[PDB]
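First the proteins, then the strands, lettered A, B, ... as listed; each starts at 1. Worth knowing before you read on, the calculation uses all heavy atoms, side chains too, and leaves out hydrogens, waters and symmetry mates.
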Amino acid sequence: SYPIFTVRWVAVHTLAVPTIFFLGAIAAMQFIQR
Amino acid sequence: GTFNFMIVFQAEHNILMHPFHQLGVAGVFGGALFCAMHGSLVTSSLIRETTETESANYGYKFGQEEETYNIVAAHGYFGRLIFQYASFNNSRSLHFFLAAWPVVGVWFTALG
Amino acid sequence: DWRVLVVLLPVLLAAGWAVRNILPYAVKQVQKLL
Amino acid sequence: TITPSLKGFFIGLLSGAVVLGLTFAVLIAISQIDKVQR
Amino acid sequence: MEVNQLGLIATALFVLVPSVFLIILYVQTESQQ
Amino acid sequence: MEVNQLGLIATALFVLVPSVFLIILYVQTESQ
Amino acid sequence: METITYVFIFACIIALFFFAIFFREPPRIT
Amino acid sequence: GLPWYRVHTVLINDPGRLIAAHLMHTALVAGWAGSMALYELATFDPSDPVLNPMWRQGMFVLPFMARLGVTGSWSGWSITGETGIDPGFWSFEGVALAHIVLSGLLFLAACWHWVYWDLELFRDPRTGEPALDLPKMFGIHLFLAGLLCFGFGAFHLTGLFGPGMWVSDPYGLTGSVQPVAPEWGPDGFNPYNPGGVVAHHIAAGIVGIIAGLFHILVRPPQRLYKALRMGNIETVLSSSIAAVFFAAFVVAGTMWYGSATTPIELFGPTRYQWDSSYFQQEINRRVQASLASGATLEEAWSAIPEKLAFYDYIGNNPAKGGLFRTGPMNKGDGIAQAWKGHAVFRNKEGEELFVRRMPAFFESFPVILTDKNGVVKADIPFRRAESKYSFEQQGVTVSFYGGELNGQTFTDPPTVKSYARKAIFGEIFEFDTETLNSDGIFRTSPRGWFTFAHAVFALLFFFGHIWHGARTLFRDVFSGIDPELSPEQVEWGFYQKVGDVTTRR
Amino acid sequence: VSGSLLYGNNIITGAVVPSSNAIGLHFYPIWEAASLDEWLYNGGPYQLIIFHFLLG
Amino acid sequence: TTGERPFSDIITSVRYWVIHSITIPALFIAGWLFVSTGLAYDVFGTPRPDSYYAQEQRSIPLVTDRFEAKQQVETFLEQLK
Amino acid sequence: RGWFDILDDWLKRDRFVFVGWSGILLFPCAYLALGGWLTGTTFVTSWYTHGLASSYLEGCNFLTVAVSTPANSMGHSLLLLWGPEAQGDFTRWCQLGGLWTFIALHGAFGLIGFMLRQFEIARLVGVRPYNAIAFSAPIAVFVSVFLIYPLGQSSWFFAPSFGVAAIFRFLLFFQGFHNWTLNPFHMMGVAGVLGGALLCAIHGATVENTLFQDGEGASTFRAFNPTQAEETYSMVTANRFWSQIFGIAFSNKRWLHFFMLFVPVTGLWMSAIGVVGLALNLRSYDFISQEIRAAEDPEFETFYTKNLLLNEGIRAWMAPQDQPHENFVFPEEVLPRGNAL
Amino acid sequence: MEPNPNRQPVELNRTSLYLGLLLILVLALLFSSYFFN
Amino acid sequence: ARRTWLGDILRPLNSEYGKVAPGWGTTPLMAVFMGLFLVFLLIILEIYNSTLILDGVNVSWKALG
Ligand code: CLA
Ligand code: CLA
Ligand code: CLA
Ligand code: CLA
Ligand code: CLA
Ligand SMILES: C=Cc1c(C)c2cc3nc(c4c5[nH]c(cc6nc(cc1[nH]2)C(C)=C6CC)c(C)c5C(=O)[C@@H]4C(=O)OC)[C@@H](CCC(=O)OC/C=C(\C)CCC[C@H](C)CCC[C@H](C)CCCC(C)C)[C@@H]3C
Ligand SMILES: CCCCCCCCCCCCCCCC(=O)OC[C@H](COP(=O)(O)OC[C@@H](O)CO)OC(=O)CCCCCCCCCCCCCCC
Ligand SMILES: CC1=C(/C=C/C(C)=C/C=C/C(C)=C/C=C/C=C(C)/C=C/C=C(C)/C=C/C2=C(C)CCCC2(C)C)C(C)(C)CCC1
Ligand SMILES: CC1=C(/C=C/C(C)=C/C=C/C(C)=C/C=C/C=C(C)/C=C/C=C(C)/C=C/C2=C(C)CCCC2(C)C)C(C)(C)CCC1
Ligand SMILES: [Fe+2]
């Protein structure tokens, strides 16, 4: 009997979610050539 | 002459862009930050031993055996300012962290 | 444009997938709010 | 008279209102649902 | 060197005024206890 | 007037030093 | 005159050091 | 014993001696004002408001007297240069005298209130303790504030019963104290509109009267009294400081960018007037129009008033100073005597060349000459051996139109180069460097010194706000935390709501 | 390069100047100089000071 | 100690890794696509390697007006059309 | 028990991350400043404001990526998204430097929010608010440097850009143009920061080497109990040690920990004042006595005149690329250079 | 009329004096060069 | 304490120490003035900043003639 969605849940995903998206974009970037 | 040395060092070595100098700044800035932090937290949690007309400093007597601030109160404030587990509750680990961070940063900048 | 839905589709499936696996547990928390 | 920047101002002013209000609509609600017992 | 003449009086006073203030409060503290 | 500008510091310390002396003795008297 | 001023101040600091060390309020325990 | 940093806290519960300390502070401030004016009067040269205006002479309170309509001396001169006036009693001298007599009367008041501190007025009639009803004091003082704000603007600034304020044209050429009519429409919020200053004090004045009246009759809500410790004189100190640094920021800013209340004839130009070549464009406007109207070159430049030309000179840029470069601007480049003329450079091919002006950022700057199109055609080289644009190779000449050197042309490289070196400062002036034994290094203007001081005090007063606000809201623990603070209050989860001990579980 | 107060320096600009590039890393005690005048021109005091300081 | 679920207990849980072994790569792929599709360039206005200068240009296209600046970079962008 | 009081309740609940009333200002603004910086550094260029690449997308690494200041032509414009510069166009807004004002302002309101949080939590817990007070020093630095300084200048363009190498550039600018190392307010800051680091290290070290033997293990950490009444190290032995090594020592733990607050806070405040002077090019650039002698006596040379030669080199060599809007063209022959180099 | 009851003695211990003198002397040493200029 | 003629006159002006209106009182009305005053400073600020541009409001020195 713990809550799933908390204030805590939200701060975590407020950061974690776009971190990964960002890591994916920066990964794709290592293969850009001029 | 000091300034002369540090300007020439930068022309000839790009020391700003050297990771070991960056660790020096990290060690010196963090040192100053943690000096402030620790000073403000101990100072924040002094136990009332004085009146408003005397220095709080007189609430501590040299060599008294009891501690002179409430570290649980400091932990409770600082842990809530950030979150619980980013705050120390062991004064030994805290004072060793205080010692190590600047010492190591400056080792590195000396090595730079 | 079309590139947007390309970008957005994994995050919909991501949310959709999480939506499925947590829905049951998430309702018990809401009942508990009186 | 009524210039672009003055329309922009009201856009900004209304946007802020929405964002503050919505934010406070949310906070009033949650605080009403999940109270402290006492 | 062609140095600002008032530097001297300024340094002197900058030094003397706050120091004398400190001394005054110290000596009259000691005469209490 | 082409005065001696050392005269200003001379006058100033002539007053400040001995006056400070007296003030220090008087205040420490009033507190005992 | 500037030289004199600089060295005078420095000399005062060295004297202060002397008193601060050998003529300190000695610390007394509890 | 009180530590040194707390001695003045003995006033906190002693309204009479508090008043006596405030009286003494006011005395010292009005005495300063009188003494500063008298020093300025003793050192001011009134004889040339064109090239030796007050702001070049490091005058600091003079211009605030001038701003509000004090413009003449009992000696018969006035800052606008007219001679043979009788300003009446409210001369510069009379104003300095008033503030000194004021300082003296304040000094005696202070003595009286220090001795006779134990006034019944200060005691709460119920309890017999000293007590100030601060909410009602606020309303009383706000009402006064509003009355005077209103009358200042209603009567003094209008000229209805009073002199007005300093106003001038956009190029600070023809300034004078004029009565100003309120601007009631949207342009009165334009900082460059003097009529807005009138409207402000009239309207804000009335609002002050109304709020004052509100605040005298209406007691503060209990919620707010408790929240802001309205029983505690230090909450007033915290908010009063806050207000003060708010205002100090505003005044530094309008001093630095400029407004209707910081005109350039009293404070000097702004740096932005150099940045945007403000005076240079007007000057070029006049010459273009002089020439279109069939005037010779000589004629069109000789028509440039020297006052306008002096503004187009970076030595009057307040951002060319230094922190320990002390005294008046005249102590640096000297006392401007004459405009030498507008310098025209031409290469050997009769092309007109333009000296690239020094930007305010640069202590030193190279001498580079360009054509109307921006292309480099001459310079002063550092390394000579591969130089292609030297004045010698390019045959640069300088001809002067207007001023003292009007109609003169120099061709010898050393002279040409020498005027080129000054042309980066803008328009070229002759200076007296002997009189003040000027050292040749730019100093800032009163505009600069005022902005520096008020921005620094503002920032310092922010910490004051924070200090005394913390002390107001944490009075109960100033001396330390409660020595029986148990972990349940400070450890986690014990109380649903933090510190609220009624929410255990 | 003038470094001392009596030669036109203040507290901010004065220094004990490092020894001559002509010396490089060579040890330059007083007694290796023809005279104190030589030792001072070539910056002997610096070496004396830094070696004693680092030891100390 | 405040009543949220312990972190150590979540990331070792099977249910956690069942969702997040999807949600993390989906987000990693979303971000990839943001770039690989070219959308990131257009959203932000960031020049592509071929569109810093026009072919024979070495002038930076530097904004020089405050209230016409929007029209200025619009002009520079057409000087690549 | 009205809505206001109900919300207060909820805001102040003891949870993993305390919210409070200050959280309403802090959290959005802190998250937006940080989002704006990570967003700009990943995707956004400085081509149109600066003629620089500045994002991972463009080929920059962590050291060279930055959110750069707006173009000088923007003056001190707020550069609101909805304002007359970007007229609502998010793309243009990025290209004009809008993210810099975004970060700076949301950052300013976040620091306020953060210090409000320090006040809020300290009131709820019942500790004195000295940690908030200390935090006034970082606020002063931030505003003076990122706000006041460019506000006294021609534009935001001359504020620090948010980036590692961009800040390094800022340092070098202040040497060459402001001769900031000569400024006694920076010096007082240097001594506050360095003095802080020293105190930090010396106090940590002393505690760890004057410990009482309270446990049996070689690892001395285990032998502390947060609720123990006893000092965990000897102030007496610490005091005798430092008195004999160094001559003076602390004897009062309270003074000591206050001094630790005092030194670095004061250092930072002093440097803020000096930057405020530099807002106006009000520099400690020169010593007049030195320049006069040196103009007249070409054998007179000090480290003071040597360093101005280096500032002159910096200005002339960096100005054209560092201030592109000024269209500085310095032909080879006007560049100051020593022999051979 | 009663003598004022709000009066208090002031203290400066010897350590505070040593610290204050050091502060002022070192401040003087720092700024003196700028005052002479 | 010492009574004086002027003190007796001013007396009722310093007689309500601690008196408060109940509960929240006028606080909601205050907040209307605060909110209005903010918008008013925003306008004033953005006019000075030139992100607010109005007809017949030339924010330059050239608005002295
Ligand atoms: C600080 C508070 C304050 C106060 C006391 C006033 C007071 C006044 N304003 Mg200002 N005003 C203010 C702030 C203030 N204003 C601000 C922040 C702005 C935006 C920049 C304006 C913009 C403004 C405009 C555009 C005009 C005024 C006008 C007026 C006058 C009353 C006009 C009337 O009867 O219509 C009713 C007014 C009120 C009930 C009080 C103020 C309500 C707002 C602020 C203005 C209303 C605009 C008005 C309907 C326009 C009519 C003209 C139309 C042809 C455009 C009066 C002197 C008018 C005037 O004198 O003509 C030049 C006018 O045209 N004001
Ligand atoms: C807001 C205050 C203010 C302002 C802006 C001015 C502005 C001006 N004054 Mg005035 N003046 C003032 C107050 C002010 N004055 C007061 C209070 C006095 C009485 C002392 C005077 C007396 C006076 C005289 C006698 C003269 C002026 C003159 C001038 C001009 C030259 C200023 C100059 O060289 O500064 C130089 C400024 C500095 C060198 C900067 C000082 C900063 C100090 C060193 C900082 C101290 C640091 C501190 C110890 C930090 C440590 C603290 C830390 C440990 C916590 C200028 C227009 C001169 C002039 O041209 O008149 C014709 C002139 O002769 N003023
Ligand atoms: C209207 C402004 C105002 C007023 C009335 C007060 C009043 C007070 N302050 Mg606050 N304060 C203010 C502004 C003000 N402050 C600002 C702007 C700051 C930030 C610098 C502070 C920071 C501050 C601190 C940190 C402390 C106080 C304390 C106090 C109390 C004791 C102060 C004392 O005995 O001084 C004693 C001072 C001296 C004996 C000598 C001061 C010498 C200074 C360093 C230099 C001199 C400057 C010069 C004389 C002229 C002023 C120049 C210009 C500003 C006009 C007293 C209630 C103390 C307190 O809370 O006690 C409980 C305390 O600890 N104040
Ligand atoms: C809650 C904290 C917070 C704070 C303090 C700020 C503060 C700021 N933001 Mg940020 N913002 C926030 C949250 C916040 N934001 C959120 C949650 C988002 C996500 C959408 C953003 C997104 C955002 C963007 C995209 C931008 C800003 C910008 C700004 C700046 C300009 C704001 C402005 O002018 O407001 C103006 C509006 C107000 C001040 C509101 C006042 C409320 C009025 C008085 C009430 C009006 C009610 C009305 C009359 C009643 C109904 C009327 C009728 C129609 C029915 C400022 C620094 C801009 C910026 O940084 O530019 C560089 C910018 O471009 N913000
Ligand atoms: C011995 C070397 C030395 C030392 C110790 C210092 C020390 C200092 N210098 Mg100086 N500097 C030096 C050499 C040195 N300098 C040299 C040789 C030069 C060449 C001229 C300069 C040029 C220089 C400049 C140009 C400036 C300084 C400044 C400063 C101060 C920085 C204060 C600070 O902490 O900023 C750190 C910043 C803050 C405290 C502001 C708030 C930061 C918030 C709290 C951060 C929040 C972060 C957030 C949570 C997100 C983090 C995560 C994110 C990264 C992902 C400090 C007094 C600055 C100064 O004086 O300004 C007041 C300044 O502008 N220095
Ligand atoms: C560069 C140096 C530096 C950094 C990075 C730093 C960082 C911090 N100090 C804090 C605290 C403190 N700092 C203190 C003293 C000091 N701090 C100092 C120097 C620094 N302090 C110094 C020298 C001192 C000595 C006086 C104290 C006394 C405290 C605290 O109490 C507090 C704390 O809890 O410390 C543990 C924290 C505030 C967190 C916060 O506001 O969250 C909210 C985040 C917000 C509001 C966002 C702000 C946005 C910023 C201002 C602009 C954007 C920045 C970009 C995103 C990143 C830029 C990166 C490029 C420039 C490279 C944070 C960890
Ligand atoms: C650098 C200093 C850190 C020194 C390390 C030691 C710290 C000591 C901690 C207390 C005593 C020891 C407890 C041991 C345990 C220990 O040291 O830590 C372990 C702890 C995990 O705790 P759990 O509740 O998972 O488990 C209980 C643990 O104590 C296991 O023993 O780590 C975390 O809290 C992870 C969460 C961080 C993720 C938060 C991300 C979102 C944050 C958003 C909010 C932003 C900041 C706030 C805004 C201002
Ligand atoms: C008794 C009497 C009288 C008389 C009076 C008198 C005569 C007065 C005077 C007064 C005066 C004569 C005053 C003065 C004042 C002054 C002052 C008050 C000053 C101040 C200063 C300061 C404070 C400064 C500071 C500083 C410095 C020094 C340095 C720089 C920085 C600064 C600015 C900080 C009469 C007859 C009327 C009437 C009856 C009675
Ligand atoms: C701006 C804007 C906005 C917002 C935004 C946001 C909010 C964002 C966010 C974002 C984010 C939130 C991001 C994040 C990202 C991150 C990253 C990218 C990171 C990275 C990391 C790394 C790479 C690291 C690594 C490492 C190393 C290197 C070493 C140590 C360890 C570690 C692991 C840490 C909006 C919409 C309102 C609109 C307007 C504009
Ligand atoms: Fe400690």
> If we only count heavy atoms from C-beta on, is the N4(B) to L310(K) side-chain gap below 4.5 Å?
Replying inline: yes
>> Using a 4.5 angstrom heavy-atom cutoff, name the option from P102(B), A99(B), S44(B) with the most pairs to chain K.
In response: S44(B)
>> Under 4.5 Å from any heavy atom of chain B, what part of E208(K) do you find: side chain, backbone, both or neither?
In response: side chain
>> Side chains of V127(K) and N70(B), heavy atoms from C-beta outward: is any pair under 4.5 Å?
In response: no
> So do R15(K) and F83(B) actually touch side chain to side chain, heavy atoms under 4.5 Å?
Replying inline: no
> Given that the side chain runs from C-beta out, which part of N225(K) has a heavy atom under 4.5 Å from chain B: side chain, backbone, both or neither?
Replying inline: neither
>> So for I15(B), is it side chain, backbone, both, or neither that comes closer than 4.5 Å to the heavy atoms of chain K?
In response: neither
>> Please identify, among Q84(B), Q64(B), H38(B), the residue contributing the most non-hydrogen atom pairs under 4.5 Å to chain K.
In response: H38(B)
> Does the side chain of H95(B) come within less than 4.5 Å of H203(K)'s, by heavy atoms?
Replying inline: yes
> Do any of residues 184-192 of chain K have a heavy atom less than 4.5 Å from a heavy atom of chain B, and if so, which, in residue order?
Replying inline: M187(K)
>> I need the residue from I133(K), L182(K), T181(K) with the largest number of non-hydrogen atom pairs under 4.5 Å to chain B.
In response: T181(K)
> Atom OG in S234(K), atom CD in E65(B): separation rounded to 0.5 Å?
Replying inline: 10.0 Å
>> With side chain to side chain contact (heavy atoms under 4.5 Å, CB included) as the criterion, how do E231(K) and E66(B) come out once you've worked through the C-alpha distance, each side chain's angles and the decisive distance to 0.1 Å?
In response: CA-CA 6 Å; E231(K) 64 171 354; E66(B) 331 94 70; over 6 Å; no
> Of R254(K), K253(K), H257(K), which meets side chain to side chain donor-acceptor pair (under 3.5 Å) against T68(B)?
Replying inline: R254(K)
> Tell me, side chain or backbone of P226(K) under 4.5 Å from chain B's heavy atoms, or both, or neither?
Replying inline: both
> If you measure from CG on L16(B) to CZ on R169(K), what distance do you get to the nearest 0.5 Å?
Replying inline: 13.0 Å
> Do the side chain of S40(B) and the main chain of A134(K) share a donor and acceptor less than 3.5 angstrom apart?
Replying inline: no
> Under 3.5 Å, is there a donor-acceptor pair linking the side chains of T232(K) and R92(B)?
Replying inline: yes
> What distance do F224(K) atom CZ and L94(B) atom CG have between them, rounded to the nearest 0.5 Å?
Replying inline: 9.0 Å
> Do you know which of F114(K), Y304(K), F18(K) has the most heavy-atom pairs with chain B at a distance under 4.5 angstrom?
Replying inline: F114(K)
> Tell me the ring pair (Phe, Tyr, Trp, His ring centres under 6.0 Å) pairs involving residues 40-66 of chain B, sequence neighbours left out?
Replying inline: none
> So which part of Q22(B) gets closer than 4.5 Å to some heavy atom of chain K, the side chain, the backbone, both or neither?
Replying inline: side chain
> By a 4.5 Å heavy-atom criterion (distance strictly below it), what part of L172(K) contacts chain B: side chain, backbone, both, or neither?
Replying inline: side chain
>> Within this structure, what is the OG-CH2 distance for the pair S55(B) and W255(K), rounded to the nearest 0.5 Å?
In response: 8.5 Å
> In terms of heavy-atom pairs under 4.5 Å, which option from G1(B), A73(B), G76(B) contacts chain K the most?
Replying inline: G1(B)
>> Does any backbone or side-chain atom of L81(B) lie under 4.5 Å from a heavy atom of chain K? Answer side chain, backbone, both or neither.
In response: both
> What residue in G267(K), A197(K), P129(K) has the most heavy-atom pairs under 4.5 Å with chain B?
Replying inline: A197(K)
>> Strictly distance-based, threshold 3.5 Å: is any side-chain N or O of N131(K) a donor or acceptor partner for the main-chain N or O of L41(B)?
In response: no
>> Working to the nearest 0.5 angstrom, can you tell me the gap between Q10(B) CD and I314(K) CD1?
In response: 9.0 Å
>> Check the orientation of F16(K) and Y85(B). Use parallel for under 30°, tilted for 30 to 60°, and perpendicular for over 60°.
In response: tilted
>> How close do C200(K) and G31(B) get, counting heavy atoms only, and between which atoms?
In response: CB-O, 3.4 Å
> Of the listed residues (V236(K), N252(K), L199(K), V193(K)), which shares the most heavy-atom pairs with chain B below a 4.5 Å separation?
Replying inline: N252(K)
> In terms of heavy-atom pairs under 4.5 Å, which option from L124(K), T220(K), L194(K) contacts chain B the most?
Replying inline: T220(K)
>> Using heavy-atom distances under 4.5 Å, tell me whether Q118(K) contacts chain B through its side chain, its backbone, both, or neither.
In response: both
>> Counting only non-hydrogen atoms closer than 4.5 Å, does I7(B) touch chain K with its backbone (N, CA, C, O), its side chain (CB onward), both, or neither?
In response: side chain
> Taking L198(K), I202(K), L211(K), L63(K) one by one, which has the highest count of heavy-atom pairs under 4.5 Å against chain B?
Replying inline: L211(K)
>> Between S93(B), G63(B), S45(B), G79(B), who has the most heavy-atom pairs with chain K when the cutoff is under 4.5 Å?
In response: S93(B)
>> Measuring from atom CZ of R80(B) to atom CZ of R117(K), what distance do you get when rounded to the nearest 0.5 angstrom?
In response: 11.0 Å
